[PDB]
Amino acid sequence: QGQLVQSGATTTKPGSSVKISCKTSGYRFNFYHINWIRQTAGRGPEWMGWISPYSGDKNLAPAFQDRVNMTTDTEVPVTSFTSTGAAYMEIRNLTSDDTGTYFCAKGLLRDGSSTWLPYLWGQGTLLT
Amino acid sequence: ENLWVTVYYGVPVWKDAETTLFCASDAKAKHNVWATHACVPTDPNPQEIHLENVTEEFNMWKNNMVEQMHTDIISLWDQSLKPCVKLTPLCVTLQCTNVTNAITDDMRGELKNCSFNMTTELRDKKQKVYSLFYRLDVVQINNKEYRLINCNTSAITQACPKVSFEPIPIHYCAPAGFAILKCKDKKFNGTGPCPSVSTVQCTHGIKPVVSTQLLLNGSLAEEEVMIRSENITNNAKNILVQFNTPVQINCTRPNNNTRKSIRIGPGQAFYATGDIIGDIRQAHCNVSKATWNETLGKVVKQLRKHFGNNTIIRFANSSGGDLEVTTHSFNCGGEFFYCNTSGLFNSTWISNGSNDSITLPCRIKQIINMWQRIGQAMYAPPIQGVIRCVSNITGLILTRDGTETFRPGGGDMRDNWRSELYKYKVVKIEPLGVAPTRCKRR
Amino acid sequence: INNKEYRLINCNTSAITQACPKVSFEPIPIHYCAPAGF
Amino acid sequence: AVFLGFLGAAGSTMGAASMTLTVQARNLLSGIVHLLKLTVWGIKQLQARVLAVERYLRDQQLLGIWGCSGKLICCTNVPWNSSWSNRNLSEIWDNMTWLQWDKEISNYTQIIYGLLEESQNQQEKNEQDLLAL
Amino acid sequence: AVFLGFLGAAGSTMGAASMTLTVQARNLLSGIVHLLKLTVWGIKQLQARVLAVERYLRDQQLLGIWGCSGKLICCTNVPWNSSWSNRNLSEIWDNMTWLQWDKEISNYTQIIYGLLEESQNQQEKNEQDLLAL
Amino acid sequence: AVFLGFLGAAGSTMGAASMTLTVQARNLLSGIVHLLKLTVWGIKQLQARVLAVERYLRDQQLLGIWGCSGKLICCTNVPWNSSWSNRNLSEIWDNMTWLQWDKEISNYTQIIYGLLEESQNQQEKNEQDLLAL
Ligand SMILES: *[C@@H]1O[C@H](CO)[C@@H](O[C@@H]2O[C@H](CO)[C@@H](O[C@@H]3O[C@H](CO[C@H]4O[C@H](CO[C@H]5O[C@H](CO)[C@@H](O)[C@H](O)[C@@H]5O[C@H]5O[C@H](CO)[C@@H](O)[C@H](O)[C@@H]5O)[C@@H](O)[C@H](O[C@H]5O[C@H](CO)[C@@H](O)[C@H](O)[C@@H]5O)[C@@H]4O)[C@@H](O)[C@H](O[C@H]4O[C@H](CO)[C@@H](O)[C@H](O)[C@@H]4O[C@H]4O[C@H](CO)[C@@H](O)[C@H](O)[C@@H]4O[C@H]4O[C@H](CO)[C@@H](O)[C@H](O)[C@@H]4O)[C@@H]3O)[C@H](O)[C@H]2NC(C)=O)[C@H](O)[C@H]1NC(C)=O
Ligand SMILES: *[C@@H]1O[C@H](CO)[C@@H](O[C@@H]2O[C@H](CO)[C@@H](O[C@@H]3O[C@H](CO[C@H]4O[C@H](CO)[C@@H](O)[C@H](O[C@H]5O[C@H](CO)[C@@H](O)[C@H](O)[C@@H]5O)[C@@H]4O)[C@@H](O)[C@H](O[C@H]4O[C@H](CO)[C@@H](O)[C@H](O)[C@@H]4O)[C@@H]3O)[C@H](O)[C@H]2NC(C)=O)[C@H](O)[C@H]1NC(C)=O
Ligand SMILES: COc1cnc(-c2csc(C(=O)NCCO)n2)c2[nH]cc(C(=O)C(=O)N3CCC([C@@H](C#N)c4ccccc4)CC3)c12
Ligand SMILES: *[C@@H]1O[C@H](CO)[C@@H](O[C@@H]2O[C@H](CO)[C@@H](O[C@@H]3O[C@H](CO)[C@@H](O)[C@H](O)[C@@H]3O)[C@H](O)[C@H]2NC(C)=O)[C@H](O)[C@H]1NC(C)=O
Ligand SMILES: *[C@@H]1O[C@H](CO)[C@@H](O[C@@H]2O[C@H](CO)[C@@H](O[C@@H]3O[C@H](CO)[C@@H](O)[C@H](O)[C@@H]3O)[C@H](O)[C@H]2NC(C)=O)[C@H](O)[C@H]1NC(C)=O
Ligand SMILES: *[C@@H]1O[C@H](CO)[C@@H](O[C@@H]2O[C@H](CO)[C@@H](O)[C@H](O)[C@H]2NC(C)=O)[C@H](O)[C@H]1NC(C)=O
Ligand SMILES: *[C@@H]1O[C@H](CO)[C@@H](O[C@@H]2O[C@H](CO)[C@@H](O)[C@H](O)[C@H]2NC(C)=O)[C@H](O)[C@H]1NC(C)=O
Ligand SMILES: *[C@@H]1O[C@H](CO)[C@@H](O[C@@H]2O[C@H](CO)[C@@H](O)[C@H](O)[C@H]2NC(C)=O)[C@H](O)[C@H]1NC(C)=O
Ligand SMILES: *[C@@H]1O[C@H](CO)[C@@H](O)[C@H](O)[C@H]1NC(C)=O
Ligand SMILES: *[C@@H]1O[C@H](CO)[C@@H](O)[C@H](O)[C@H]1NC(C)=O
Ligand SMILES: *[C@@H]1O[C@H](CO)[C@@H](O)[C@H](O)[C@H]1NC(C)=O
Ligand SMILES: *[C@@H]1O[C@H](CO)[C@@H](O)[C@H](O)[C@H]1NC(C)=O
Ligand SMILES: *[C@@H]1O[C@H](CO)[C@@H](O)[C@H](O)[C@H]1NC(C)=O
Ligand SMILES: *[C@@H]1O[C@H](CO)[C@@H](O)[C@H](O)[C@H]1NC(C)=O
Ligand SMILES: *[C@@H]1O[C@H](CO)[C@@H](O)[C@H](O)[C@H]1NC(C)=O
Ligand SMILES: *[C@@H]1O[C@H](CO)[C@@H](O)[C@H](O)[C@H]1NC(C)=O
Ligand SMILES: *[C@@H]1O[C@H](CO)[C@@H](O)[C@H](O)[C@H]1NC(C)=O
Ligand SMILES: *[C@@H]1O[C@H](CO)[C@@H](O)[C@H](O)[C@H]1NC(C)=O
Ligand SMILES: *[C@@H]1O[C@H](CO)[C@@H](O)[C@H](O)[C@H]1NC(C)=O
Ligand SMILES: *[C@@H]1O[C@H](CO)[C@@H](O)[C@H](O)[C@H]1NC(C)=O
Ligand SMILES: *[C@@H]1O[C@H](CO)[C@@H](O)[C@H](O)[C@H]1NC(C)=O
Ligand SMILES: *[C@@H]1O[C@H](CO)[C@@H](O)[C@H](O)[C@H]1NC(C)=O
Ligand SMILES: *[C@@H]1O[C@H](CO)[C@@H](O)[C@H](O)[C@H]1NC(C)=O
Ligand SMILES: *[C@@H]1O[C@H](CO)[C@@H](O)[C@H](O)[C@H]1NC(C)=O
Ligand SMILES: *[C@@H]1O[C@H](CO)[C@@H](O)[C@H](O)[C@H]1NC(C)=O
């Protein structure tokens, strides 16, 4: 299983800095990365970055190098293999050209070559 | 031609052996003297594997399971009577009178109303208390002074009243690497080559019922009614007959007794017999005269095969011995009955009722002695209310005298267990086998 | 007893056993361990 | 198929019983044999527990010193001295049962156990010398 | 290197835990479990001693009737019936832990133990027939 | 032949003692060590029984995690670090006894037991990868 509910689809105007939430269930939040993906209309879908809910290690594209803050808070043990988590997303020098739908997707495997691969996605959020 | 030794692990070959057999029981949960609560729970699927083409030798008169069960039951009683009250203060002079006279002449002394001085919780202050005692538990001094029967031979220990004397089915199991072989032959003698043979992890439910002359609540034969002795031509080897039909017996003690606790010391309490509510009646047993005659005829028919179609066999009562062996002694709801059986064994049968039943007058004891040792006796605490038990007579313990005559008896506790363990045999598995074949290593 | 006569508290309920005076009631740290395979 | 059960082929031929050895092998240590209370039944059960492992390992010990560890049918290098049993193969595996076979091979069972023992000691010495190059 | 310790990789992936099996194998019989005094602590310790060897040998018994004696990773000839678990290899060894894997394979653990049992009985019968020439 | 007996070659050279290992192997579990009566002699004998199997299996446990199950002379892939003993082969097997050898190798006996342990874990991992095709 696994669910990733995202925040609301409210809108702002250029110059601001919005926070996007992603709440997880049905799986151990620490065991898989959390990816942030952007599907703009005036560009192809872009991978923004992933972060480790276990090790805190983050990795984002150089196009978002000094403009994005990725944070996650510690999980909550529900069962032996189930926990609830949350991931956060921020933008710095923000304009209106960053308009589109934003998704959060967790990693694929816990090890191997496709560890962090965005596998299970959220329902997305509309922006400005 | 080119044959080498080849080793096989797990070959179906066994050897006779003696081993420790642990106990198994079923789920019922107070605590019986047999401690069945401490036995491993029996499988709800009592697995029995039939050993086709196998023909094993049995010998119930050399079986080790009966010698092991004989010691286990005795140890269970020893284990249960250790932490209970020592009634050594009761071995004191008793001033006794008959309780409520005027009934039937010499049947009023059968139970006495005895008063005596007894130690209290204070070591320096006495109390005058009284208790009701049966006659078989007291003897005179030669005045109306009496003493308990055991005071010159044995110390006495009353059973902790929370323990149950009711037999609970015991299953005997062999350890891993051993096996129990059952003889499935429906007309099996007890010794000889049993053709039909099956193996079981545990034996069937065996109730540890200790009775005399008449075997109660036991197993039944499926065909005819077998008769088992090691040397039937010898008159000194007990004949163990086993019915196929159960002849029912109803025993009761109608006297409504009350148990009065008496503090004989700190933490020590003696359970005396308060009084009798209502009528002072006679304890007894009934057995259908019709069924007992029919079942006694079957024993005659099978006894004919060992003495001739023309000979005449007769049944007489016990020819003497201890009280436990001259009567049908057993345990019914706590109290130990001692039933006269002259009405059951009083018949002569030739070469070749229907409504009422025959009754058996039983006397009751409370100070019962240990069968093996001397110097060890138990006090059975008084059971309150009216006692009545309904059970099956499924066998007998007879004795020949050397035309023919058969009387009962049998004070040996392992004759009881032979009547249930005759089918079983303990063998050890030897799974290593070497044999030639044209197979070579490397 | 109901005079100045008394008895020990336990004489009507329990037998009494005095502790061997060489034994110490002082608690000592106990460690509980599971067998091999546990 | 068939599946006769534990010792189910005790009366079958040696060859037929030689196809259901796992049936007996798995019941050599299990059964029904959690605290250790030393009552009459508790002492009885504890002995039943130690006795099973003891006898189980004595058979595995011999199986080890013969080079047959973890085997149900291992072949050896000890030839069959016909003085043990001059019976032929067809009249052994298609005729006798393991019970009556053990009854007649019983005298030489200690002789054979020694030939399998030193044959394994010398074979492992040979394998070491062959791997010394 | 790493060396997580006894059960140290209990939360790691099955493939990562499959590289530290000696870490658990050696602690299955040792610990701290010389006279036998039958005090409350002595009876307690004796049971702790017999219980360890009992459970240790029951695992080695199954390991023997499968032809895996003295092995930590042995391969078999029993194919994986996908009804047991249709999960793929990459999502098993790089994803699940041994604890949650045993949780979902728990129903068929007795089924698989039978297929490994008779596969070893038939394989040893095949090896004997091949060495009969 | 010779047959010195149990420990009969304790004073012989290591090579000569290395030819009579079955002589000691078979007496590691037998002897004289049927009901369990808990008398002073009964408790004494029961401990003697559990102690034998315990020590016997601890040696077989190490022999298993080294890949030497059911072996008297197994060879390994752990090279001989000369810091353990710089003695030459001829002055070891034709000179020393096993008693005085264990006296000087005693410090490194725990070091060697670890190298044999993980060498077997990695070897079984190698064999699995080789049979994955
Ligand atoms: C093992 O085997 C053992 C042996 O077989 C067996 O032992 C048996 O135990 C049981 C129970 O323990 C015993 O049963 C008892 O039987 C007593 C006797 O009953 C018989 O006799 C009476 C009276 O007979 C006189 O009257 C009739 C006419 O009514 C005449 O025909 C007689 O000939 C006789 O009268 C002449 O003779 C006298 C002298 O001989 C002269 O003095 C007289 O003037 C005349 O000339 C009969 O009425 C009975 O009939 C009843 O039973 C038959 C079957 O037999 C049925 O058809 C039918 O139901 C009849 O009603 C019988 O023949 C019983 O008295 C006794 O029951 C009383 O006592 C108990 C305890 O004491 C009470 O709890 C119970 O309530 C009864 O009390 C009533 O009766 C008394 C007496 O009158 C009253 O005072 C009392 O107030 C009460 O009255 C109430 O009830 C009455 C009816 O119940 C009713 O009429 C009233 O109006 C009122 O409402 C008890 O049942 C049995 O005897 C044992 N066996 C033997 C052989 O002794 C054992 O159980 C077996 N099993 C085991 C061990 O497990
Ligand atoms: C407990 O559970 C957690 C969560 O499941 C486990 O953490 C995960 O472990 C696995 C395996 O160890 C990780 O998979 C690997 O992922 C790396 C990608 O990370 C690399 O890239 C980072 C960003 O580019 C980089 O910063 C890292 O470099 C160092 O920096 C961080 C800083 O924190 C440091 O923590 C690192 O350890 C590095 O020192 C990092 O290198 C990827 O490279 C791996 O692929 C290689 O290895 C696999 C085999 O493992 C091989 O197949 C590949 O081809 C390649 O060779 C591998 O995929 C995963 O990222 C971890 N985090 C998750 C899943 O969120 C943890 O291990 C568990 N521990 C226990 C004890 O159970
Ligand atoms: C009853 O017999 C005893 C009396 N007292 C003590 C006793 C006091 S103290 C003490 C103690 O602490 N021991 C520790 C060191 O010794 N042990 C006993 N202990 C073991 C006993 C027996 O197993 C035994 O003899 N049986 C079994 C019961 C029988 C029976 C029934 N049911 C029956 C009786 C009469 C008629 C029909 C059926 C028959 C014989 C025994
Ligand atoms: C066994 O014998 C004892 C005597 O040692 C009997 O105890 C005595 O019984 C009588 C008669 O019930 C008691 O007297 C009664 O006292 C009451 C109360 O005051 C009174 O109302 C009556 O009128 C009658 O006088 C006596 O107190 C009692 N004594 C003792 C010490 O108990 C006992 O009843 C006998 N038991 C049986 C079953 O016969
Ligand atoms: C032979 O077996 C039968 C049945 O297994 C035994 O009958 C049982 O007897 C006991 C005591 O006599 C009965 O317990 C009693 O139950 C009543 C009713 O609840 C209660 O009032 C008593 O206080 C006592 O607890 C038990 O119910 C009864 N079982 C059956 C099925 O009838 C019989 O005692 C055995 N006889 C011998 C000699 O072992
Ligand atoms: C045996 O006697 C006792 C009393 O000594 C009887 O117990 C009484 O039973 C009735 C049931 O109808 C109750 O109402 C009473 O309260 C009980 N009294 C006591 C003191 O317990 C018992 O019923 C009698 N048993 C028989 C079979 O008659
Ligand atoms: C022994 O007692 C039992 C029960 O008290 C008697 O069995 C009863 O017999 C009657 C006959 O009409 C039946 O209606 C009952 O259903 C039976 N009860 C049970 C529980 O089976 C039996 O007849 C008595 N036997 C003797 C010899 O007294
Ligand atoms: C007395 O014997 C009868 C007959 O052997 C027993 O009744 C049988 O009880 C078994 C219990 O498993 C039933 O399966 C049978 O159907 C019963 N048969 C008959 C004819 O009733 C009875 O249980 C025995 N009673 C005692 C106390 O031993
Ligand atoms: C992200 O936000 C948190 C919120 O307190 C802050 O502490 C952290 O420094 C921020 N990250 C960066 C790279 O500024
Ligand atoms: C008890 O009654 C019998 C019979 O009447 C009599 O012989 C005996 O002397 C009586 N005993 C006492 C102590 O009253
Ligand atoms: C109790 O002791 C007294 C002496 O104080 C004696 O007179 C009396 O007979 C004794 N009672 C009994 C029942 O023995
Ligand atoms: C004990 O006394 C009774 C009194 O009847 C007697 O029969 C019995 O023989 C005595 N016991 C001994 C051992 O003297
Ligand atoms: C018991 O039956 C067997 C069956 O053949 C027979 O050989 C043996 O003689 C019999 N023994 C007695 C004492 O009846
Ligand atoms: C049986 O007893 C008779 C005499 O009582 C004797 O001659 C015979 O040898 C005995 N049989 C056995 C087998 O002991
Ligand atoms: C005895 O009589 C029965 C018939 O009841 C018969 O079957 C049997 O063969 C007879 N035996 C002898 C020895 O006469
Ligand atoms: C046996 O019956 C006779 C005949 O009345 C009798 O005298 C004797 O006391 C009885 N024996 C027993 C033990 O019941
Ligand atoms: C047994 O009863 C008979 C008559 O039924 C009687 O003659 C005999 O004395 C009684 N036995 C005993 C020991 O009382
Ligand atoms: C023992 O005596 C004391 C006296 O105060 C009383 O409180 C207590 O209830 C008594 N115990 C019993 C069991 O009667
Ligand atoms: C058979 O064994 C005997 C001694 O048991 C031996 O003398 C003989 O040489 C052996 N023969 C063969 C052919 O193995
Ligand atoms: C085994 O030895 C006994 C010793 O008396 C002998 O009778 C028997 O014939 C021998 N059997 C074989 C198969 O050598
Ligand atoms: C899988 O197992 C089922 C029963 O457990 C069996 O009917 C089926 O044939 C098996 N299929 C395969 C492919 O092994
Ligand atoms: C990893 O295992 C969990 C266990 O339920 C499963 O839900 C998840 O889908 C697995 N991951 C992949 C990528 O299949
Ligand atoms: C195992 O059996 C239980 C029985 O209710 C079932 O609920 C569960 O889904 C089964 N699991 C698998 C993996 O077959
Ligand atoms: C010998 O062992 C030491 C540590 O015990 C190690 O540092 C050294 O590299 C080893 N040398 C060889 C040749 O194995
Ligand atoms: C083993 O260690 C002790 C520690 O003092 C040392 O004295 C001894 O020389 C060492 N022996 C070897 C062979 O390393």
# chains A, B, ... in the order shown; residues from 1 in each chain; ligands from 1

$ residues_around --residues "residue C:35" --least-positions-apart "3" --cutoff "12 Å" --atoms "only C-alpha atoms" --output "list in words"
residues 32 and 38 of chain C; 27, 28, 29, 30, 31, 32, 33, 44, 45, 46, 47, 48, 49, 50, 51, 52, 53, 54, 55 and 56 of chain E

$ select_by_dssp --residues "chain D" --states "alpha helix (DSSP H)" --output "MDAnalysis selection string"
chainID D and resid 14:17 21:25 40:65 90:93 98:104 109:130

$ residues_around --residues "residue F:19" --least-positions-apart "4" --cutoff "10 Å" --atoms "only C-alpha atoms" --output "ChimeraX atom specification"
/D:118,121-122,125 /F:9,14-15,23,72-73

$ interface_residues --of "chain A" --to "chain E" --cutoff "10 Å" --atoms "only C-alpha atoms" --output "list in words"
residues 31, 32, 80, 81, 108, 109, 110, 111, 112, 113, 114 and 115 of chain A

$ select_by_dssp --residues "stretch 1-132 of chain D" --states "strand (DSSP E or B)" --output "PyMOL selection string"
chain D and resi 73-79

$ residues_near_ligand --ligand "ligand 10" --cutoff "10 Å" --atoms "only C-alpha atoms and all ligand atoms" --output "PDB file with N, CA, C and O atoms, in the first residue's frame"
ATOM      1  N   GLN B  95     -13.531 -40.647  74.326  1.00  0.00           N
ATOM      2  CA  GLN B  95     -14.733 -41.060  75.045  1.00  0.00           C
ATOM      3  C   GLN B  95     -15.874 -41.106  74.038  1.00  0.00           C
ATOM      4  O   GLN B  95     -16.371 -40.061  73.606  1.00  0.00           O
ATOM      5  N   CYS B  96     -16.286 -42.314  73.661  1.00  0.00           N
ATOM      6  CA  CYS B  96     -17.219 -42.515  72.562  1.00  0.00           C
ATOM      7  C   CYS B  96     -18.553 -43.052  73.062  1.00  0.00           C
ATOM      8  O   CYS B  96     -18.603 -43.853  74.001  1.00  0.00           O
ATOM      9  N   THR B  97     -19.629 -42.603  72.424  1.00  0.00           N
ATOM     10  CA  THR B  97     -20.953 -43.181  72.584  1.00  0.00           C
ATOM     11  C   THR B  97     -21.542 -43.426  71.204  1.00  0.00           C
ATOM     12  O   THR B  97     -21.160 -42.783  70.223  1.00  0.00           O
ATOM     13  N   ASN B  98     -22.469 -44.377  71.129  1.00  0.00           N
ATOM     14  CA  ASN B  98     -23.239 -44.547  69.905  1.00  0.00           C
ATOM     15  C   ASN B  98     -24.023 -43.277  69.617  1.00  0.00           C
ATOM     16  O   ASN B  98     -24.531 -42.623  70.532  1.00  0.00           O
ATOM     17  N   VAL B  99     -24.115 -42.916  68.342  1.00  0.00           N
ATOM     18  CA  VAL B  99     -24.858 -41.730  67.936  1.00  0.00           C
ATOM     19  C   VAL B  99     -26.267 -42.159  67.552  1.00  0.00           C
ATOM     20  O   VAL B  99     -26.457 -42.914  66.592  1.00  0.00           O
ATOM     21  N   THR B 100     -27.251 -41.691  68.323  1.00  0.00           N
ATOM     22  CA  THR B 100     -28.665 -41.943  68.063  1.00  0.00           C
ATOM     23  C   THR B 100     -28.963 -43.436  67.956  1.00  0.00           C
ATOM     24  O   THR B 100     -28.889 -44.017  66.869  1.00  0.00           O
ATOM     25  N   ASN B 101     -29.319 -44.058  69.077  1.00  0.00           N
ATOM     26  CA  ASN B 101     -29.525 -45.499  69.128  1.00  0.00           C
ATOM     27  C   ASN B 101     -30.885 -45.874  68.539  1.00  0.00           C
ATOM     28  O   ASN B 101     -31.551 -45.079  67.869  1.00  0.00           O
ATOM     29  N   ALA B 102     -31.296 -47.119  68.792  1.00  0.00           N
ATOM     30  CA  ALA B 102     -32.583 -47.667  68.380  1.00  0.00           C
ATOM     31  C   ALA B 102     -32.769 -47.667  66.866  1.00  0.00           C
ATOM     32  O   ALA B 102     -33.422 -46.772  66.321  1.00  0.00           O
ATOM     33  N   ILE B 103     -32.205 -48.665  66.178  1.00  0.00           N
ATOM     34  CA  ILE B 103     -32.554 -48.897  64.779  1.00  0.00           C
ATOM     35  C   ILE B 103     -32.634 -50.397  64.496  1.00  0.00           C
ATOM     36  O   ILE B 103     -33.732 -50.935  64.318  1.00  0.00           O
ATOM     37  N   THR B 104     -31.496 -51.090  64.467  1.00  0.00           N
ATOM     38  CA  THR B 104     -31.472 -52.506  64.095  1.00  0.00           C
ATOM     39  C   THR B 104     -30.380 -53.250  64.863  1.00  0.00           C
ATOM     40  O   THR B 104     -29.531 -53.926  64.280  1.00  0.00           O
ATOM     41  N   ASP B 105     -30.399 -53.140  66.190  1.00  0.00           N
ATOM     42  CA  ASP B 105     -29.505 -53.891  67.089  1.00  0.00           C
ATOM     43  C   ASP B 105     -28.061 -53.541  66.733  1.00  0.00           C
ATOM     44  O   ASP B 105     -27.715 -52.349  66.717  1.00  0.00           O
ATOM     45  N   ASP B 106     -27.199 -54.517  66.436  1.00  0.00           N
ATOM     46  CA  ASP B 106     -25.775 -54.263  66.239  1.00  0.00           C
ATOM     47  C   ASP B 106     -25.481 -53.612  64.893  1.00  0.00           C
ATOM     48  O   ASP B 106     -24.665 -54.116  64.115  1.00  0.00           O
ATOM     49  N   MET B 107     -26.148 -52.494  64.609  1.00  0.00           N
ATOM     50  CA  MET B 107     -25.767 -51.620  63.509  1.00  0.00           C
ATOM     51  C   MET B 107     -25.647 -50.176  63.978  1.00  0.00           C
ATOM     52  O   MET B 107     -25.464 -49.276  63.150  1.00  0.00           O
ATOM     53  N   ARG B 108     -25.740 -49.940  65.287  1.00  0.00           N
ATOM     54  CA  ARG B 108     -25.605 -48.609  65.862  1.00  0.00           C
ATOM     55  C   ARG B 108     -24.175 -48.293  66.262  1.00  0.00           C
ATOM     56  O   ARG B 108     -23.773 -47.124  66.223  1.00  0.00           O
ATOM     57  N   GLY B 109     -23.404 -49.306  66.653  1.00  0.00           N
ATOM     58  CA  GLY B 109     -21.987 -49.123  66.885  1.00  0.00           C
ATOM     59  C   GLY B 109     -21.162 -48.947  65.632  1.00  0.00           C
ATOM     60  O   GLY B 109     -19.957 -48.699  65.734  1.00  0.00           O
ATOM     61  N   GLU B 110     -21.783 -49.065  64.452  1.00  0.00           N
ATOM     62  CA  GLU B 110     -21.055 -48.908  63.198  1.00  0.00           C
ATOM     63  C   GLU B 110     -20.500 -47.498  63.044  1.00  0.00           C
ATOM     64  O   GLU B 110     -19.464 -47.307  62.394  1.00  0.00           O
ATOM     65  N   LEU B 111     -21.160 -46.503  63.631  1.00  0.00           N
ATOM     66  CA  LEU B 111     -20.628 -45.147  63.653  1.00  0.00           C
ATOM     67  C   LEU B 111     -20.830 -44.559  65.040  1.00  0.00           C
ATOM     68  O   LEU B 111     -21.926 -44.643  65.598  1.00  0.00           O
ATOM     69  N   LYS B 112     -19.773 -43.961  65.584  1.00  0.00           N
ATOM     70  CA  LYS B 112     -19.729 -43.502  66.962  1.00  0.00           C
ATOM     71  C   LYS B 112     -19.709 -41.979  67.037  1.00  0.00           C
ATOM     72  O   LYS B 112     -19.361 -41.285  66.078  1.00  0.00           O
ATOM     73  N   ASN B 113     -20.088 -41.470  68.207  1.00  0.00           N
ATOM     74  CA  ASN B 113     -19.993 -40.052  68.545  1.00  0.00           C
ATOM     75  C   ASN B 113     -18.927 -39.939  69.631  1.00  0.00           C
ATOM     76  O   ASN B 113     -19.190 -40.217  70.805  1.00  0.00           O
ATOM     77  N   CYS B 114     -17.722 -39.543  69.231  1.00  0.00           N
ATOM     78  CA  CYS B 114     -16.552 -39.555  70.098  1.00  0.00           C
ATOM     79  C   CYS B 114     -16.139 -38.136  70.455  1.00  0.00           C
ATOM     80  O   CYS B 114     -15.988 -37.289  69.570  1.00  0.00           O
ATOM     81  N   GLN B 140     -11.297 -50.462  70.781  1.00  0.00           N
ATOM     82  CA  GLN B 140     -11.528 -50.243  72.199  1.00  0.00           C
ATOM     83  C   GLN B 140     -10.231 -50.419  72.991  1.00  0.00           C
ATOM     84  O   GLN B 140      -9.189 -50.811  72.461  1.00  0.00           O
ATOM     85  N   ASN B 143     -14.880 -50.169  79.686  1.00  0.00           N
ATOM     86  CA  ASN B 143     -15.351 -48.793  79.566  1.00  0.00           C
ATOM     87  C   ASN B 143     -15.570 -48.431  78.096  1.00  0.00           C
ATOM     88  O   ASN B 143     -15.207 -49.195  77.200  1.00  0.00           O
ATOM     89  N   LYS B 144     -16.173 -47.269  77.851  1.00  0.00           N
ATOM     90  CA  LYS B 144     -16.437 -46.792  76.492  1.00  0.00           C
ATOM     91  C   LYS B 144     -15.294 -45.951  75.936  1.00  0.00           C
ATOM     92  O   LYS B 144     -15.525 -44.954  75.245  1.00  0.00           O
ATOM     93  N   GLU B 145     -14.049 -46.333  76.215  1.00  0.00           N
ATOM     94  CA  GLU B 145     -12.885 -45.619  75.708  1.00  0.00           C
ATOM     95  C   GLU B 145     -12.386 -46.255  74.416  1.00  0.00           C
ATOM     96  O   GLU B 145     -12.291 -47.481  74.307  1.00  0.00           O
ATOM     97  N   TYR B 146     -12.061 -45.408  73.442  1.00  0.00           N
ATOM     98  CA  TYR B 146     -11.612 -45.849  72.131  1.00  0.00           C
ATOM     99  C   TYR B 146     -10.389 -45.046  71.704  1.00  0.00           C
ATOM    100  O   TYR B 146     -10.024 -44.039  72.317  1.00  0.00           O
TER     101      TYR B 146
END

$ interface_residues --of "chain B" --to "chain F" --cutoff "8 Å" --atoms "only C-alpha atoms" --output "list in words"
residues 18, 19 and 20 of chain B

$ atom_distance --atom1 "atom 13 (C, counted along the ligand's line) of ligand 19" --atom2 "atom CA of residue B:9"
25.8 Å

$ residues_near_ligand --ligand "ligand 11" --cutoff "8 Å" --atoms "only C-alpha atoms and all ligand atoms" --output "list in words"
residues 92, 93, 94, 95, 114, 115, 116, 117, 128, 129 and 130 of chain B

$ residues_near_ligand --ligand "ligand 14" --cutoff "6 Å" --atoms "only C-alpha atoms and all ligand atoms" --output "PyMOL selection string"
chain B and resi 231+233-234

$ interface_residues --of "chain C" --to "chain E" --cutoff "8 Å" --atoms "only C-alpha atoms" --output "PyMOL selection string"
chain C and resi 34-37
